[PDB]
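Undergrad: Can you keep this structure in mind? I'll have questions shortly.
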Amino acid sequence: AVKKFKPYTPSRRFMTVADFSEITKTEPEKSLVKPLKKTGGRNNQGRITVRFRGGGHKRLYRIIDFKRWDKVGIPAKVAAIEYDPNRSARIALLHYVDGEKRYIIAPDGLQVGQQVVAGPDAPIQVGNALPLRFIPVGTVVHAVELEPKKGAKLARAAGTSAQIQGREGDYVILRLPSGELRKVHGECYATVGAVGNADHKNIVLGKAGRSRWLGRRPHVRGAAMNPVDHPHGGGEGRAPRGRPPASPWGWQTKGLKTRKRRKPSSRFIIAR
Amino acid sequence: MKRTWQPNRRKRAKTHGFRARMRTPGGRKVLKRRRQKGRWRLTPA
RNA sequence: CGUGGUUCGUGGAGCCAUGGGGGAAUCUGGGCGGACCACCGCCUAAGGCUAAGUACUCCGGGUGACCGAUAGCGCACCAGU
RNA sequence: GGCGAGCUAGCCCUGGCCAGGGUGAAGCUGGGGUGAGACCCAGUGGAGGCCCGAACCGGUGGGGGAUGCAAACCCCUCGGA
RNA sequence: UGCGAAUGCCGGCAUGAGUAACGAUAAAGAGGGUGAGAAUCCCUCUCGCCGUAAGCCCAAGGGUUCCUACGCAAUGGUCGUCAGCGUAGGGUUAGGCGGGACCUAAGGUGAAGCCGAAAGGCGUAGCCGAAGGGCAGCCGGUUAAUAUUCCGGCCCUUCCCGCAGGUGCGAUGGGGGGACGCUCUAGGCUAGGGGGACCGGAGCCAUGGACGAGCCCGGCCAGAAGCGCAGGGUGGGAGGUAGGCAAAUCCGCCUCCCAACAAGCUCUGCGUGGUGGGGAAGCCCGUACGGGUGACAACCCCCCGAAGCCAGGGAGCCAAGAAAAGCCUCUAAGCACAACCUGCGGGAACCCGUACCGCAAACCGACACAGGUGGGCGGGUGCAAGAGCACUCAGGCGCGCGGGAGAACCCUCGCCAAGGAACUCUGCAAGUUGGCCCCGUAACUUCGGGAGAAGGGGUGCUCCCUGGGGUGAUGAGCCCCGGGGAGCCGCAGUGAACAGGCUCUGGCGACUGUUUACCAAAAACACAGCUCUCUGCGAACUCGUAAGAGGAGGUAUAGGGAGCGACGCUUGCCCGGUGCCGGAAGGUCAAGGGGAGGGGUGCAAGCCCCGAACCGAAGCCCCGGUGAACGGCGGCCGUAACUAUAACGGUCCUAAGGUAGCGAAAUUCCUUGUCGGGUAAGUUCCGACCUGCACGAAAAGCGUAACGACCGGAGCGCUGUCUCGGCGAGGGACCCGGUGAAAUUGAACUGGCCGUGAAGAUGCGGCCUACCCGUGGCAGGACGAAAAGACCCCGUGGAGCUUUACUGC
RNA sequence: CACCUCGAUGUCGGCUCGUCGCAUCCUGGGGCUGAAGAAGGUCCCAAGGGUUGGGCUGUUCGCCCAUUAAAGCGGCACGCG
RNA sequence: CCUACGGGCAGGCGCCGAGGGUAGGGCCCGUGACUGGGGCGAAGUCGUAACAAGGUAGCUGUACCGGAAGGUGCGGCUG
RNA sequence: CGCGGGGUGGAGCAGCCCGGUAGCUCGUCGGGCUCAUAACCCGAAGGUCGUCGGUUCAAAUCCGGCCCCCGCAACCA
Ligand SMILES: NC[C@@H]1O[C@H](O[C@H]2[C@@H](O)[C@H](O[C@@H]3[C@@H](O)[C@H](N)C[C@H](N)[C@H]3O[C@H]3O[C@H](CO)[C@@H](O)[C@H](O)[C@H]3N)O[C@@H]2CO)[C@H](N)[C@@H](O)[C@@H]1O
Ligand SMILES: [Mg+2]
Ligand SMILES: [Mg+2]
Ligand SMILES: [Mg+2]
Ligand SMILES: [Mg+2]
Ligand SMILES: [Mg+2]
Ligand SMILES: [Mg+2]
Ligand SMILES: [Mg+2]
Ligand SMILES: [Mg+2]
Ligand SMILES: [Mg+2]
Ligand SMILES: [Mg+2]
Ligand SMILES: [Mg+2]
Ligand SMILES: [Mg+2]
Ligand SMILES: [Mg+2]
Ligand SMILES: [Mg+2]
Ligand SMILES: [Mg+2]
Ligand SMILES: [Mg+2]
Ligand SMILES: [Mg+2]
Ligand SMILES: [Mg+2]
Ligand SMILES: [Mg+2]
Ligand SMILES: [Mg+2]
Ligand SMILES: [Mg+2]
Ligand SMILES: [Mg+2]
Ligand SMILES: [Mg+2]
Ligand SMILES: [Mg+2]
Ligand SMILES: [Mg+2]
Ligand SMILES: [Mg+2]
Ligand SMILES: [Mg+2]
Ligand SMILES: [Mg+2]
Ligand SMILES: [Mg+2]
Ligand SMILES: [Mg+2]
Ligand SMILES: [Mg+2]
Ligand SMILES: [Mg+2]
Ligand SMILES: [Mg+2]
Ligand SMILES: [Mg+2]
Ligand SMILES: [Mg+2]
Ligand SMILES: [Mg+2]
Ligand SMILES: [Mg+2]
Ligand SMILES: [Mg+2]
Ligand SMILES: [Mg+2]
Ligand SMILES: [Mg+2]
Ligand SMILES: [Mg+2]
Ligand SMILES: [Mg+2]
Ligand SMILES: [Mg+2]
Ligand SMILES: [Mg+2]
Ligand SMILES: [Mg+2]
Ligand SMILES: [Mg+2]
Ligand SMILES: [Mg+2]
Ligand SMILES: [Mg+2]
Ligand SMILES: [Mg+2]
Ligand SMILES: [Mg+2]
Ligand SMILES: [Mg+2]
Ligand SMILES: [Mg+2]
Ligand SMILES: [Mg+2]
Ligand SMILES: [Mg+2]
Ligand SMILES: [Mg+2]
Ligand SMILES: [Mg+2]
Ligand SMILES: [Mg+2]
Ligand SMILES: [Mg+2]
Ligand SMILES: [Mg+2]
Ligand SMILES: [Mg+2]
Ligand SMILES: [Mg+2]
Ligand SMILES: [Mg+2]
Ligand SMILES: [Mg+2]
Ligand SMILES: [Mg+2]
Ligand SMILES: [Mg+2]
Ligand SMILES: [Mg+2]
Ligand SMILES: [Mg+2]
Ligand SMILES: [Mg+2]
Ligand SMILES: [Mg+2]
Ligand SMILES: [Mg+2]
Ligand SMILES: [Mg+2]
Ligand SMILES: [Mg+2]
Ligand SMILES: [Mg+2]
Ligand SMILES: [Mg+2]
Ligand SMILES: [Mg+2]
Ligand SMILES: [Mg+2]
Ligand SMILES: [Mg+2]
Ligand SMILES: [Mg+2]
Ligand SMILES: [Mg+2]
Ligand SMILES: [Mg+2]
Ligand SMILES: [Mg+2]
Ligand SMILES: [Mg+2]
Ligand SMILES: [Mg+2]
Ligand SMILES: [Mg+2]
Ligand SMILES: [Mg+2]
Ligand SMILES: [Mg+2]
Ligand SMILES: [Mg+2]
Ligand SMILES: [Mg+2]
Ligand SMILES: [Mg+2]
Ligand SMILES: [Mg+2]
Ligand SMILES: [Mg+2]
Ligand SMILES: [Mg+2]
Ligand SMILES: [Mg+2]
Ligand SMILES: [Mg+2]
Ligand SMILES: [Mg+2]
Ligand SMILES: [Mg+2]
Ligand SMILES: [Mg+2]
Ligand SMILES: [Mg+2]
Ligand SMILES: [Mg+2]
Ligand SMILES: [Mg+2]
Ligand SMILES: [Mg+2]
Ligand SMILES: [Mg+2]
Ligand SMILES: [Mg+2]
Ligand SMILES: [Mg+2]
Ligand SMILES: [Mg+2]
Ligand SMILES: [Mg+2]
Ligand SMILES: [Mg+2]
Ligand SMILES: [Mg+2]
Ligand SMILES: [Mg+2]
Ligand SMILES: [Mg+2]
Ligand SMILES: [Mg+2]
Ligand SMILES: [Mg+2]
Ligand SMILES: [Mg+2]
Ligand SMILES: [Mg+2]
Ligand SMILES: [Mg+2]
Ligand SMILES: [Mg+2]
Ligand SMILES: [Mg+2]
Ligand SMILES: [Mg+2]
Ligand SMILES: [Mg+2]
Ligand SMILES: [Mg+2]
Ligand SMILES: [Mg+2]
Ligand SMILES: [Mg+2]
Ligand SMILES: [Mg+2]
Ligand SMILES: [Mg+2]
Ligand SMILES: [Mg+2]
Ligand SMILES: [Mg+2]
Ligand SMILES: [Mg+2]
Ligand SMILES: [Mg+2]
Ligand SMILES: [Mg+2]
Ligand SMILES: [Mg+2]
Ligand SMILES: [Mg+2]
Ligand SMILES: [Mg+2]
Ligand SMILES: [Mg+2]
Ligand SMILES: [Mg+2]
Ligand SMILES: [Mg+2]
Ligand SMILES: [Mg+2]
Ligand SMILES: [Mg+2]
Ligand SMILES: [Mg+2]
Ligand SMILES: [Mg+2]
Ligand SMILES: [Mg+2]
Ligand SMILES: [Mg+2]
Ligand SMILES: [Mg+2]
Ligand SMILES: [Mg+2]
Ligand SMILES: [Mg+2]
Ligand SMILES: [Mg+2]
Ligand SMILES: [Mg+2]
Ligand SMILES: [Mg+2]
Ligand SMILES: [Mg+2]
Ligand SMILES: [Mg+2]
Ligand SMILES: [Mg+2]
Ligand SMILES: [Mg+2]
Ligand SMILES: [Mg+2]
Ligand SMILES: [Mg+2]
Ligand SMILES: [Mg+2]
Ligand SMILES: [Mg+2]
């Protein structure tokens, strides 16, 4: 459930890789429903606007399906579970009887064989998308919609869930993976189960290199700059912050809250 | 050791060429200037 | 209310313009004469056109108590070379 | 107000390159082992910001050069590979 | 409108000076020829140097530098008859090679659309964009100079038209396909190479021997169809169908039936092949290059063999590996006297490049510059392998000043008696060590390492016997890996060339990595990993006035910011101040609301102005929380039955007074602290104490195997580092011929001493010394050269940086 | 103290090469001694010539080891880049 | 060289070989700045843990803490 | 040499600012409770304020010199 290597080279010592048993025969991640050329690019039009990025393996985007209501009542058998390199999660390839094929973010549970279905109908079993008002209180569910018809946006990273704690009005109350308490509209499609491949939290990159394969360039502490380029840059041999610790841009970075307050969505939240 | 001129015909025309001096107003002016002084050459060759 | 223009730098601060807010009247109507009021006067906003006198010199001519090839235009010469 | 990333830095798309040697991870097979196991031992296998070392990328110490062959070079030595 | 100074400006000419240099120490010598002139051009011979190149082919860039005639003023570091130089004339040939009348990539541009005072910014489709995808020519000959381009041979694609035969034809649209990583890798082949006693070949027997299965040279290249050989590709039929934004008979999916194999069909590779063409040594010719002959050449077996081909092959792995067209299939409009498909036949087939240099004298470096520049080929022999090293083939070079001489001194080298770090800041430097095989190998450890630990033996050749493999037949040959034994020779057998010195022990950093291009490579950065914090997704955050974009086609096992920095054991106490977090009360507070009350002017109606109470946010106050938030983590006095010492106490302060551990330390001022160790002797080193000027726990605390071109100590080995020098080599220095600079320079007829002088005199004073002028040498002086001191101050000079400086955005 | 030097007078230590002074460390000659001899003490003359090799530290200096006839102190831009 | 020579002796090379040298391990003994606990030594200091609910029942494995005995948490025993 | 703070019953600290009062805890001495010590309770004693001056009517207090104690600084070079 995560592969360890004998230390036959340092870094191999603590390094640790994923288990690829869930991966039903795969490799050629099937063209059609994805891939789709992915545009690796670390800045916007011109300028770096997210620091320390780029490099790392070339990648093919798996066009995955987030609105599931797209195919109410049509069931589908699950053919493959395969490696998707653009998410923590693994994806199920599912053949519809419609003839249609698409990908789903593979729940913890789906064995290759299940019929899967989506719609107000639909049996409450792992893999089946419903509206939320029709999912019975206390069920863990994932790939949730925030507003009806806008796409699944909550709980889609390996191992994430969201319990349905109650109903009130046209809305239900979920505990999202963050521990937050959120009202979501009743009509929002959620899909029963947890996200699975849940050991992913426990991999250990191992050496510097691995962090680059993954696309992440070295990250330099303000501490190690001059004062021109960061509010922590000077001293003459390591000098404590000497102010409340800050980001390159000036705002304080320990504690200072950031969410815009006036946000309408506030009137539908309740926690951490 | 590798000096600063690494001439390459495509870059030179792509960069300083005529068609290029003419999209940016700033360069249509480079031409206006060069023409007024009577440069025998408005652009590199 | 916020500003610009005018000699006017908030000053007693009008006049003209106007980003925002409110928002009329049609001769007994309106604007103005340096906060405001009265009196006495001036003028007709929210449409527009209008030659000449005026500015300039790539260009052409005419002159010079202007230069005369290190001067005079960077170039008197196949120089914006 | 413009001109520069044909040097240099980063990133993006698409191509190319790294003699030869060594060490011998998992896994596999077989044998032992146990109630079943763990595990052990061979063999097989060919992992690694793994080793030795050219190309290639470097620029450690030293000497020479110092109106240079050179506005950063040369030689010996050295690092990655 | 008068110049002598402005380190003035422009120009001219001097000094240094016939001085330094003449650009890799790969290397020259002679004969002949040419010409006014020859070390320098041509030719011959001899010598040396490159040979994973210093040979050859391509891409950039360059742009007549190509070839021939004529020429030498200048360019050429000398000369020059020569040249990349001057003048002139010639020279670049394509339906198949590259690119364009094809495709898309990042990116650009951009109908629709969005945004922006103007300029303009973004942007769906589309278009543009290539070393990627797609696409039909291989080989020989010919030119002074081009050739997959002309010619010759064999072969091929597209367009048009026609004839035949076939079919529902038809696409910018649907589907399939194109279509894809890295490491390892099977079989069969090919390029490439070696050998042969076989086939062909001019000649050759020297100098003691050899007429010999002698020596020396060569024994191939391109090639349709067919056919073999190897390999890739792929299931066939039927039904249902609601998906592939219309429609499909296509694709998808479900059932069923047949093969499960490549059997079949298809594709590529290799072989063979008609035909076409090449074809040495040597000798002769005459070159400035080549040509004749050799010849009617021969044209064959064996072996070694790719990293290349069959190719989309196979296996493993995680970081999970473009697009679009060509292609095929499906159908839609439409048309089906169409159109498409197949075969054959005629005809048609445009634009651009094509010389030459291309690791360099033709490109980037002001230069014929010891520098830089992408891809492919890159033979042989030996060395364990190899693109290494030595020599060498083909091919190309001796680097555009020479001649001598044989000083000092300098560079690069070789060697040294005895000693062996005594040198010095330091073994800096140099030495030693060094490949392969075998024996052997410690603490410690994270069990992998440490490891090439350490330290040792072997290594050539000859003859005899002998094992296994690949290929052939099971055989011989050939190639590969060995095993055993008796001997021979030298000072020495990795006999030359490439090829670690080693051990012990501290500091820092875990590790590979990164860095101040051009004085720092590090103990700095990064690094996996730990923690805090923000962010619910139109996320936070960044860029932008905006639109928009990055974040991310991600979603809290995610993304941003911050510190710390593998791993082990840990990380204490203070929330008073500052930051952040929470607090529906209260205090204050801006506009605004509100107007009690006042005032200006009017006869008056009025008009206009001030304005209290009171209702009005955030912020601040105020109440609390918070330490891997900024941060901080005490003083005096006394006390035990020798004495010291203080477990104990007293008191003052504080938000709280530093726990673990560590400690003269990358921190210790005094300081070379004290003690032990090491040494004949130790300011350093190691161990220890604690008196910590001024350690201490994520600006982490203490450890830690492994790792290091880091930094410190010690020993062995070995040495020219040294006692202490000597000799030798080559390249300069010196002389001769040719070419011939530079900083500097008020002018000079430019001496010592002792004085003086603005306080350091060739230049003044006294005395002393001293004929004129060179050359090679040395550096004490000309407060020698260079740079309008970088240090220091000054200027109400500048600029980068900071913050609870001021003031703004 | 601020006199030449800020349109530059390169700063410690070592090494190399010295040269000078005498206030003499040794050797030569002396007087005095609380000098028996030997060995010393102290002062006078004397600058001829000599004045070691190592450990520590950048050090000069100093400490130390082993010797010695002695292990001299100074100046020369703290002599000399 | 001797012989009574297809011989012996001298002499020469070879194996082994006491030990000497170089290298690196193992085990035991002695000793060392300093340091850790321990025993013992009439009447030294601090507190009072235990023995009587020892004035907080005691003891106990473990863990954290504290001048010191000890205290506290968790579970256990009753002695 | 520089700057700042300090010296008060036996100990550790107030009082010094703003002139005229010497206060707190401990300890010491007497007395209680106790078999006794300690704790505990009731009572008391003890300072000229480092020193010499000066100002004032009056000085712990304001001023100056000297004496000590402690702390900070000593930089470019
Ligand atoms: N030997 C006793 C062991 O060690 C310790 O005992 C040692 C010490 O604790 C003990 O010290 C005691 C002390 O506790 C007690 N309260 C005061 C007493 N005078 C001391 O005793 C000591 O004092 C004098 C020296 O002046 C010596 O002469 C005497 O022998 C010695 N016992 O003396 C012992 C050694 O002498 C433990 N008490 C005990 O747990 C253990 O069993
Ligand atoms: Mg970092
Ligand atoms: Mg820095
Ligand atoms: Mg910047
Ligand atoms: Mg910046
Ligand atoms: Mg800043
Ligand atoms: Mg800082
Ligand atoms: Mg610091
Ligand atoms: Mg390079
Ligand atoms: Mg140029
Ligand atoms: Mg240039
Ligand atoms: Mg190009
Ligand atoms: Mg013209
Ligand atoms: Mg004013
Ligand atoms: Mg208005
Ligand atoms: Mg009126
Ligand atoms: Mg008026
Ligand atoms: Mg008026
Ligand atoms: Mg008027
Ligand atoms: Mg009008
Ligand atoms: Mg007009
Ligand atoms: Mg004119
Ligand atoms: Mg002139
Ligand atoms: Mg002129
Ligand atoms: Mg003119
Ligand atoms: Mg001029
Ligand atoms: Mg002209
Ligand atoms: Mg670039
Ligand atoms: Mg190569
Ligand atoms: Mg490696
Ligand atoms: Mg390495
Ligand atoms: Mg170097
Ligand atoms: Mg360096
Ligand atoms: Mg160097
Ligand atoms: Mg150097
Ligand atoms: Mg090496
Ligand atoms: Mg190397
Ligand atoms: Mg290496
Ligand atoms: Mg003049
Ligand atoms: Mg003058
Ligand atoms: Mg003059
Ligand atoms: Mg002239
Ligand atoms: Mg001279
Ligand atoms: Mg000379
Ligand atoms: Mg010379
Ligand atoms: Mg030369
Ligand atoms: Mg050539
Ligand atoms: Mg020319
Ligand atoms: Mg000629
Ligand atoms: Mg000439
Ligand atoms: Mg010449
Ligand atoms: Mg030259
Ligand atoms: Mg030529
Ligand atoms: Mg010519
Ligand atoms: Mg070509
Ligand atoms: Mg056409
Ligand atoms: Mg296109
Ligand atoms: Mg645009
Ligand atoms: Mg195109
Ligand atoms: Mg192509
Ligand atoms: Mg082509
Ligand atoms: Mg040819
Ligand atoms: Mg040619
Ligand atoms: Mg059809
Ligand atoms: Mg062949
Ligand atoms: Mg062959
Ligand atoms: Mg014949
Ligand atoms: Mg003979
Ligand atoms: Mg014969
Ligand atoms: Mg052959
Ligand atoms: Mg089928
Ligand atoms: Mg063939
Ligand atoms: Mg064939
Ligand atoms: Mg023939
Ligand atoms: Mg020739
Ligand atoms: Mg494959
Ligand atoms: Mg297209
Ligand atoms: Mg077609
Ligand atoms: Mg050509
Ligand atoms: Mg050519
Ligand atoms: Mg060529
Ligand atoms: Mg090349
Ligand atoms: Mg050339
Ligand atoms: Mg060449
Ligand atoms: Mg050049
Ligand atoms: Mg040359
Ligand atoms: Mg060159
Ligand atoms: Mg070898
Ligand atoms: Mg070589
Ligand atoms: Mg050679
Ligand atoms: Mg040759
Ligand atoms: Mg010697
Ligand atoms: Mg010797
Ligand atoms: Mg020795
Ligand atoms: Mg020494
Ligand atoms: Mg010495
Ligand atoms: Mg060395
Ligand atoms: Mg060597
Ligand atoms: Mg070690
Ligand atoms: Mg050999
Ligand atoms: Mg031999
Ligand atoms: Mg055989
Ligand atoms: Mg080696
Ligand atoms: Mg190495
Ligand atoms: Mg490091
Ligand atoms: Mg670098
Ligand atoms: Mg540097
Ligand atoms: Mg976005
Ligand atoms: Mg996206
Ligand atoms: Mg750090
Ligand atoms: Mg802490
Ligand atoms: Mg606090
Ligand atoms: Mg608080
Ligand atoms: Mg606080
Ligand atoms: Mg006693
Ligand atoms: Mg310290
Ligand atoms: Mg000792
Ligand atoms: Mg040191
Ligand atoms: Mg401290
Ligand atoms: Mg610290
Ligand atoms: Mg800290
Ligand atoms: Mg650290
Ligand atoms: Mg440490
Ligand atoms: Mg490294
Ligand atoms: Mg290092
Ligand atoms: Mg020497
Ligand atoms: Mg003279
Ligand atoms: Mg003088
Ligand atoms: Mg005089
Ligand atoms: Mg004189
Ligand atoms: Mg001379
Ligand atoms: Mg001199
Ligand atoms: Mg000299
Ligand atoms: Mg000077
Ligand atoms: Mg100056
Ligand atoms: Mg200023
Ligand atoms: Mg002065
Ligand atoms: Mg003065
Ligand atoms: Mg001067
Ligand atoms: Mg004397
Ligand atoms: Mg030393
Ligand atoms: Mg001296
Ligand atoms: Mg002095
Ligand atoms: Mg000196
Ligand atoms: Mg003890
Ligand atoms: Mg108890
Ligand atoms: Mg008790
Ligand atoms: Mg008790
Ligand atoms: Mg307990
Ligand atoms: Mg205590
Ligand atoms: Mg208990
Ligand atoms: Mg007291
Ligand atoms: Mg009391
Ligand atoms: Mg009492
Ligand atoms: Mg008094
Ligand atoms: Mg300073």
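Undergrad: Which three extents, in whole angstrom, do the alpha-carbon atoms of the protein assembly as shown cover along their principal axes, largest first?
TA: That works out to 83, 56, 56 Å along the principal axes.
Undergrad: Mean residue ellipticity at 222 nm from the helices of chain A, using -39,500 (n - 2.57) per DSSP H segment of n ≥ 4 over the full residue count, to the nearest 500 deg cm²/dmol?
TA: The helix-only estimate for chain A comes to 0 deg cm²/dmol at 222 nm.
Undergrad: For the range A:92-230, take every pair of Cα atoms, bin their distances at 10 Å starting from 0, and report each bin as a whole percent.
TA: Going from the shortest bin to the longest, the percentages are 11, 33, 25, 16, 10, 4, 0.
Undergrad: Per Stokes-Einstein, at 37 °C and 0.692 mPa s, what whole-number D in µm² s⁻¹ belongs to chain B, with the Kirkwood radius over Cα pairs as the hydrodynamic radius?
TA: Working: Rh = 11.6 Å.
In µm²/s, the coefficient rounds to 284.
Undergrad: A further question follows. Give a quick list of trypsin sites (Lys or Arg not before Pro) in the range A:5-51 that DSSP marks as loop, anything other than H, G, I, E or B, with at most 11 other Cβ atoms within 10 Å.
TA: Working: sites: A:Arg12, A:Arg13, A:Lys25, A:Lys30, A:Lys37, A:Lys38, A:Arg42, A:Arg47, A:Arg51; in loops: A:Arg12, A:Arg13, A:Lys25, A:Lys30, A:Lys38, A:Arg42, A:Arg47, A:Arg51.
Qualifying residues, ordered by number: A:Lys25, A:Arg47, A:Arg51.
Undergrad: For n ≥ 4 DSSP H runs only, could you compute -39500 (n - 2.57) per run for chain B, divide by its residues and tell me the 222 nm figure to the nearest 500?
TA: -13500 deg cm²/dmol
Undergrad: Something else about it: So how do A:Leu256, A:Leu110, A:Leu132 line up by other beta-carbon neighbours within 10 Å, fewest first? Walk me through the numbers before you get to the answer.
TA: Values: A:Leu256 10, A:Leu110 21, A:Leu132 25.
With the fewest neighbours first, A:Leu256, A:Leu110, A:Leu132 line up as A:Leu256, A:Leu110, A:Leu132.
Undergrad: What are the ³J(HN,Hα) couplings of the range A:264-272, residue after residue, when phi is run through the Karplus curve with 6.51, -1.76, 1.60 and θ = phi - 60°? Round to Hz, x for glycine and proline.
TA: Those phi angles translate into x, 4, 3, 5, 10, 10, 6, 6, 7 Hz.
Undergrad: Related question: Which peptide among B:17-28, A:69-80 comes first, and what is the full order, when sorted by highest mean count of other Cβ atoms within 10 Å?
TA: A:69-80, B:17-28
Undergrad: Oh, and also: Could you list which residues have their amide H under 5 Å from that of A:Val78, counting only those 5 or more apart in sequence or on another chain, with H placed in the peptide plane?
TA: A:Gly113, A:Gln114
Undergrad: Over the Cα atoms, compute the radius of gyration (one decimal) and Dmax (the largest Cα-Cα distance, rounded to a whole number) for the range A:95-161, in Å.
TA: 12.2, 34
Undergrad: Report, by chain and number, residues whose modeled amide H sits under 5 Å from the one on A:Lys101, excluding near sequence neighbours (fewer than 5 apart, same chain).
TA: So A:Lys101 has HN proximity to A:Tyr96.
Undergrad: How much net charge surrounds A:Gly73 when only other residues with a Cβ under 14 Å from its Cβ are counted (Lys, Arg +1; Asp, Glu -1)?
TA: My count for the surroundings of A:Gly73 gives -2.
Since every read-out is calculated from the coordinates, none of them should be taken as a lab result. Every residue, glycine as well, gets a Cβ built from its backbone with ideal geometry; the counts of neighbours run over all protein chains shown.
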